[PDB]
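One structure is given below, encoded as structure tokens.
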Amino acid sequence: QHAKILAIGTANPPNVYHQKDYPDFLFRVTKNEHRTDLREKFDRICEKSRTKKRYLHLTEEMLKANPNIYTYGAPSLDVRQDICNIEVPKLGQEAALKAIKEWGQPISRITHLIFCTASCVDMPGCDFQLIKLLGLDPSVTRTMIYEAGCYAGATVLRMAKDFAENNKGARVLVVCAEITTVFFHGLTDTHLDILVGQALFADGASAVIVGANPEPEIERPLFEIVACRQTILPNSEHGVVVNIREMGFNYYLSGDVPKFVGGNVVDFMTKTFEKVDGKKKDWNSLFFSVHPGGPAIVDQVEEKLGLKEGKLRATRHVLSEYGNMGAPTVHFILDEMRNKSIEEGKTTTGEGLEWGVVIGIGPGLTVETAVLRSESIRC
Amino acid sequence: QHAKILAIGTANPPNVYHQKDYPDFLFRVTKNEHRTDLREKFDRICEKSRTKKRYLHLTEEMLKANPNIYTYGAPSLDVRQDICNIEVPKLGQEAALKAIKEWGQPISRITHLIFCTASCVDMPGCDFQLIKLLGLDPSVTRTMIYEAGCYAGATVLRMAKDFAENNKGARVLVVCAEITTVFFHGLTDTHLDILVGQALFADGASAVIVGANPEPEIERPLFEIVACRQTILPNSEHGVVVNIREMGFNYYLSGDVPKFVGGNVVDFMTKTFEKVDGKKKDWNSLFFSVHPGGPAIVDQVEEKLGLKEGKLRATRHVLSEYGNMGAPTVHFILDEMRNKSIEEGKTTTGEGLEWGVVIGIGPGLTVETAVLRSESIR
Ligand SMILES: CC(C)(COP(=O)(O)OP(=O)(O)OC[C@H]1O[C@@H](n2cnc3c(N)ncnc32)[C@H](O)[C@@H]1OP(=O)(O)O)[C@@H](O)C(=O)NCCC(=O)NCCNC(=O)CCCC(=O)c1ccccc1
Ligand SMILES: CC(C)(COP(=O)(O)OP(=O)(O)OC[C@H]1O[C@@H](n2cnc3c(N)ncnc32)[C@H](O)[C@@H]1OP(=O)(O)O)[C@@H](O)C(=O)NCCC(=O)NCCNC(=O)CCCC(=O)c1ccccc1
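See below:
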């Protein structure tokens, strides 16, 4: 009896930033309208981003009150943390309440909490703050995952699987929440990577309830977590770096990240499915939730696995409507897939297909995969 | 077939700071010899610390090169991280190689890595850096626990138990490493909590190998991880606070922490053992690894559980010889207990007793307990 996802909820900050307006906003509020050279480059990136809108906690009023946030390299960690240490658990709470509603059990049945964020760090942590906000049992068993990065949406499902399967009756609440205020930086041609993050990074939270042995007539599984694998892609340590600094969370992104993903995807898919059935080809038989770190990563997975037109629709839809929200994103994609499958009258939550995969990609470069089975559509 | 601890290794930085000498050192290198009132208070805290010596990576030359480290509130996180992000994995590597030696199996047999530190944070993390240093399989399954705090020496055993028990054949390397350079702060009469940390906090690393179903005549267990419980002590959110700031990792410690531990120990012990036995426990029948957050915390456990003289000897020995090294400390204590049990010709690794407990205590306040069984010395 494998661990099942029993519920998914999501949440975002209320302020919507349409991509068509974001270059004007960014260059105005950071006092960079004279940088027409960088504006040209940013326009090109935004046009390629395949991101139509994003939800962001950060406002112009926050930047006016804390101009060090947009002054490249100036001290600003403290103001960023004072925001994110509050907003990350709050956004997580909103998603968690939606997951708990779908699940339909009392909060007292939650035995385990996994909280994951790369947007802040504090002691006590976000897990403790969420317990307070939700009224979880003081004796919930907690795992607090700080600063793992963009593979962690798959990682938390792997962790929840082991906790749910080894602890009989356990019910694991998994919350991933991101507020990118800590990653916002000003513009300099010495650090062009910031233009990519300024185009793609976004705010959001997911909540997933995981448990083995669903209770008949109360609980309803959406997906089964079958097998997982984590691996480091060779010779790619420079791919994604984030340093926690006095200036905030400073990030460096190599232009070679998409090529590294495409050069390794057949291998990491083959080795993952070796844990299940030995699948080694015909990847279109699966459903997919691919972390959309950028559109070029999604395109590389599509090309090298030979995926047909539309196979990655749910992944692309989330990227378009929300951007790259970090770890929560693959859970938004699973929820979108479930929603569209209901809309289309499919026989399962995975686009009518039986088997699928979640692909998380982050620093290392590290890829974590989780093989899933879908479930029949009911309640 | 519960998960078992198959090996324990430990490491510390090379520089020894005897407590008798530390007040003179601290007040000299931080240019505070004029503060006679603070010196007198610090002397009193050190005399009560029950800590004889500590190992620290930080040196006077480092302070001279980076005086913002001892200038209270000055920006210094970047220099601290540049040190700790290197030194934490390096110290962890030393402890891990010792655990791997005892275990006796190839590094390629490790399937899972848990790395825990409250002393730094970076992406890729310490787990990635340790994989590089040791040559672990690039497909090891990793859990990177950053900034959990002083309960995590029990937490990592709980996590390792689940990973080892749910994955046939899995072998989990667990590494906890601390370098307190990030927590060093100068002296101000407005933040007296710093005098406590300056007296007690210290550097060290532990490594444990965990697996279920040890191979007969190849692997041998030291302890079995039976059951675990994590709980938040009521109305104690202000007990321990650590904020990651431009000035480093700033911390606040309530003087009520010992009383909170004492007020909850019967309850958390009772509820933990209810997971293993329907009969009530005689606390003196157990062996103990108690996180020595300070001597008063150890005293509160002894007092409220009615523990006999000598029951907490291993705990107090590690506090005396190493100070409070954070999450690794409870593993140093288990290693000391196993070593002393060999010296004394005891029948088990737990002082000749069958059942025992690891008590981790940290922010929340949060207590995590792990019920252990000992093993025969083999
Ligand atoms: C960029 C597009 C769309 C360009 O679209 P395309 O490539 O199709 O078009 P293109 O080739 O014309 O490029 C157009 C111009 O962008 C230039 N350019 C390209 N890449 C550049 C680079 N890396 N640095 C500098 N310039 C670059 C190039 O050089 C060209 O410049 P020019 O136009 O001047 O020639 C495409 O490449 C693409 O999706 N990429 C992959 C992006 C990637 O890795 N995401 C991983 C992100 N995860 C993290 O950050 C983790 C850390 C944050 C975190 O924890 C976190 C937490 C919470 C929430 C969120 C995040
Ligand atoms: C302090 C002793 C020994 C005093 O010994 P006793 O109590 O027996 O003697 P005592 O009563 O005479 O006190 C003598 C004078 O210390 C004064 N004093 C007392 N406590 C004070 C306080 N909190 N603030 C200000 N002043 C205080 C009092 O006010 C008196 O001042 P005066 O002498 O001027 O009157 C005793 O109490 C005791 O073990 N306590 C428990 C200490 C405690 O919580 N450890 C938890 C530590 N974990 C963390 O930090 C986690 C965060 C760091 C971290 O992640 C980390 C990572 C990696 C490695 C390491 C750490």
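Quick mapping for you: the protein sequence lines, in order, are chains A and B. Going left to right, the first sequence walks through residues 10 to 388 as the deposited numbering numbers them. Going left to right, the second sequence walks through residues 10 to 387 as the deposited numbering numbers them. For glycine and all other residues, C-beta sits at the position ideal for the given N, C-alpha and C.
DSSP three-state call for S294 (chain A): helix, strand or coil? The residue you call residue 294 (chain A) lines up with position 285 of the first sequence. Note: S294 (chain A) maps to helix in three-state DSSP.
Contacts of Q114 (chain A) in chain B (Cβ-Cβ under 9 Å): Reading the first sequence from its first residue, position 105 is the one you call residue 114 (chain A). Listed along chain B, no residue sits closer than 9 Å to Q114 (chain A) by beta-carbon distance, the nearest being about 21 Å off.
State the start and end residues of the unbroken alpha helix (DSSP H) segment that holds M71 (chain A). Here residue 71 (chain A) refers to the residue found at position 62 of the first sequence. First-last of the alpha helix (DSSP H) with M71 (chain A): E69 to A74.
Under 8 Å by Cβ, that's how I've got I78 (chain B) and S85 (chain B) pegged, so tell me the actual separation to the nearest angstrom. Taking the second sequence and counting its residues from 1, one reaches residue 78 (chain B) at position 69. Taking the second sequence and counting its residues from 1, one reaches residue 85 (chain B) at position 76. Correct: roughly 5 Å between the Cβ atoms.
Tell me whether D202 (chain A) counts as near ligand 1, meaning its Cβ is closer than 6 Å to at least one heavy atom of that ligand. Position 193 of the first sequence, counted from the first residue, corresponds to residue 202 (chain A). Using a cutoff of 6 Å, the CB of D202 (chain A) counts as near ligand 1, since one of the ligand's heavy atoms is closer than that.
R180 (chain B) vs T240 (chain B) beta-carbon contact at 7 Å: Within the second sequence, the letter at position 171 stands for residue 180 (chain B). Within the second sequence, the letter at position 231 stands for residue 240 (chain B). Taking a C-beta distance under 7 Å as the contact criterion, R180 (chain B) and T240 (chain B) do not qualify as a contact pair.
Let me make sure I understand the geometry here. Which of A:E312, A:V266, A:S298 and A:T356 has the alpha-carbon closest to that of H340 (chain A)? Numbered from 1 along the first sequence, position 331 holds the residue referred to as residue 340 (chain A). Distance check between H340 (chain A) and each of A:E312, A:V266, A:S298 and A:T356 places A:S298 closest, using alpha-carbon atoms only.
Could you confirm whether any beta carbon from chain B is found closer than 7 Å to the beta carbon of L86 (chain A)? If you number the first sequence from 1, residue 86 (chain A) lands on position 77. So, interface residue.
In chain order, what residues of the same chain lie with their CB nearer than 6 Å to the CB of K288 (chain A), ignoring the 5 residues before and after it? Within the first sequence, residue 288 (chain A) is the residue found at index 279, counting from 1. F282, listed in sequence order.
Host alpha helix (DSSP H) of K170 (chain B) (start-end): Counted from its first residue, the second sequence places residue 170 (chain B) at position 161. Following the DSSP letters along the chain, one finds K170 (chain B) inside the alpha helix (DSSP H) bounded by residues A161 to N175.
Measuring from the CB of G134 (chain B), is there a heavy atom of ligand 1 at a distance below 6 Å? As a position in the second sequence, residue 134 (chain B) is number 125, starting the count at 1. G134 (chain B) Cβ: outside cutoff for every heavy atom of ligand 1.
For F232 (chain A), the residue or residues it bridges with in DSSP: Taking the first sequence and counting its residues from 1, one reaches residue 232 (chain A) at position 223. DSSP output for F232 (chain A) lists A:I14 and A:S383 as bridge partner(s).
In the DSSP assignment, find the alpha helix (DSSP H) that holds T45 (chain A) and state where it starts and stops. The sequence position of residue 45 (chain A) within the first sequence is 36, counting from 1. Unbroken alpha helix (DSSP H) run through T45 (chain A): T45 to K57.
Are at least three pairs of beta-carbons, each pair with one atom in the segment 332 to 350 of chain A and one in the segment 208 to 219 of chain A, less than 8 Å apart? The segment 332 to 350 of chain A vs the segment 208 to 219 of chain A: in contact.
Along chain A, which residues have their Cβ under 7 Å away from the Cβ of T240 (chain B)? Against the second sequence, residue 240 (chain B) aligns to sequence position 231. Simply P147 and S148.
Taking the runs of the alpha helix (DSSP H) that are 4 residues or longer, which of them lie wholly in the segment 326 to 375 of chain A? Complete alpha helix (DSSP H) runs here, min 4: 338 to 352.
Which listed residue (B:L145, B:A169 and B:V97) has its alpha carbon closest to that of residue 6 (chain B): No answer is possible for residue 6 (chain B): the residues shown for chain B start at 10 and end at 387.
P22 (chain B): CB within 6 Å of a non-hydrogen atom of ligand 2: On the second sequence, position 13 is the one that residue 22 (chain B) refers to. No - ligand 2 has no heavy atom lying nearer than 6 Å to the Cβ of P22 (chain B).
Below 8 Å between beta carbons is the criterion; list the residues of the segment 208 to 240 of chain B that meet it against any residue of chain A, in chain order. Cβ contacts with chain A: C237, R238, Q239 and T240.
Which residue from B:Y64, B:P304, B:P133 and B:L182 puts its Cα closest to that of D146 (chain B)? Working through the second sequence from its first residue, we reach residue 146 (chain B) at position 137. Minimum Cα distance to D146 (chain B) is reached at B:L182.
Length of the line joining the Cα atoms of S383 (chain B) and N175 (chain B): The residue given as residue 383 (chain B) occupies position 374 in the second sequence. The residue given as residue 175 (chain B) occupies position 166 in the second sequence. Cα to Cα, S383 (chain B) sits roughly 22 Å from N175 (chain B).
Is it true that the CB of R89 (chain B) sits closer than 7 Å to the CB of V251 (chain B)? The residue given as residue 251 (chain B) occupies position 242 in the second sequence. The residue given as residue 89 (chain B) occupies position 80 in the second sequence. Their beta carbons are not under 7 Å apart, which means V251 (chain B) does not touch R89 (chain B) by this criterion.
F296 (chain B) beta carbon less than 7 Å from that of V376 (chain B): Here residue 376 (chain B) refers to the residue found at position 367 of the second sequence. Here residue 296 (chain B) refers to the residue found at position 287 of the second sequence. Going by C-beta atoms, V376 (chain B) is not nearer than 7 Å to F296 (chain B).
Please indicate yes or no: does the CB of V38 (chain B) lie closer than 6 Å to some heavy atom of ligand 2? Stepping through the second sequence from its first residue, residue 38 (chain B) is reached at position 29. No, the Cβ of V38 (chain B) stays beyond 6 Å of every heavy atom of ligand 2.
So, for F258 (chain A): in the same chain, excluding its five sequence neighbours on each side, which residues have a beta-carbon less than 7 Å away from its beta-carbon? Taking the first sequence and counting its residues from 1, one reaches residue 258 (chain A) at position 249. Excluding residues within five positions, the ones whose Cβ falls inside 7 Å are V191, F192 and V251.
Applying a beta-carbon distance threshold of less than 8 Å, which residues of chain A neighbour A157 (chain B)? Your numbering for residue 157 (chain B) matches position 148 in the second sequence. Correct list: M132, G134 and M153.
When the cut-off is 7 Å and only beta carbons count, does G359 (chain A) lie next to chain B? Counted from its first residue, the first sequence places residue 359 (chain A) at position 350. Cβ-Cβ to chain B under 7 Å: no for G359 (chain A).
Test item: CB-CB of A214 (chain A) and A186 (chain A) under 7 Å: Reading the first sequence from its first residue, position 205 is the one you call residue 214 (chain A). Reading the first sequence from its first residue, position 177 is the one you call residue 186 (chain A). The answer is yes: Cβ separation under 7 Å.
Under 7 Å, do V380 (chain B) and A163 (chain B) count as touching if we go by C-beta distance? Residue numbering aside, residue 380 (chain B) sits at position 371 when the second sequence is read from its first letter. Residue numbering aside, residue 163 (chain B) sits at position 154 when the second sequence is read from its first letter. No, Cβ-Cβ distance for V380 (chain B) and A163 (chain B) is not below 7 Å.
State whether the segment 348 to 358 of chain A contacts the segment 136 to 155 of chain A, with contact taken as three or more CB pairs (one from each stretch) at a distance under 8 Å. Too few Cβ pairs lie closer than 8 Å, so no.
Tell me which residue opens and which closes the alpha helix (DSSP H) that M153 (chain B) is part of. As a working mapping, residue 153 (chain B) is identified with position 144 in the second sequence. Note, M153 (chain B): premise wrong, no alpha helix (DSSP H); beta strand (DSSP E) at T150 to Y155.
Contacts of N252 (chain B) in chain A (Cβ-Cβ under 8 Å): Within the second sequence, the letter at position 243 stands for residue 252 (chain B). Going along chain A in sequence order, the residues near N252 (chain B) (Cβ under 8 Å) are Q90, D131 and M132.
Which residues in the same chain have their Cβ closer than 7 Å to the Cβ of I116 (chain A), if we skip the five residues on either side of it in sequence? Stepping through the first sequence from its first residue, residue 116 (chain A) is reached at position 107. For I116 (chain A), where only same-chain residues beyond five positions count, the Cβ hits under 7 Å are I109, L143, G144 and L145.
Under a Cβ-count criterion, where at least 16 other Cβ atoms within 10 Å of its own Cβ denotes burial, should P243 (chain A) be classed as buried or exposed? Counted from its first residue, the first sequence places residue 243 (chain A) at position 234. So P243 (chain A) counts as exposed.
Between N293 (chain B) and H247 (chain A), what straight-line distance do the alpha-carbon atoms span, to the nearest angstrom? Here residue 293 (chain B) is taken as the residue at index 284 of the second sequence, counted from 1. Here residue 247 (chain A) is taken as the residue at index 238 of the first sequence, counted from 1. Taking the straight line joining both Cα atoms gives about 54 Å.
Ligand 1 heavy atom lying under 6 Å from the CB of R53 (chain A): If you number the first sequence from 1, residue 53 (chain A) lands on position 44. Result yes, Cβ under 6 Å from ligand 1.
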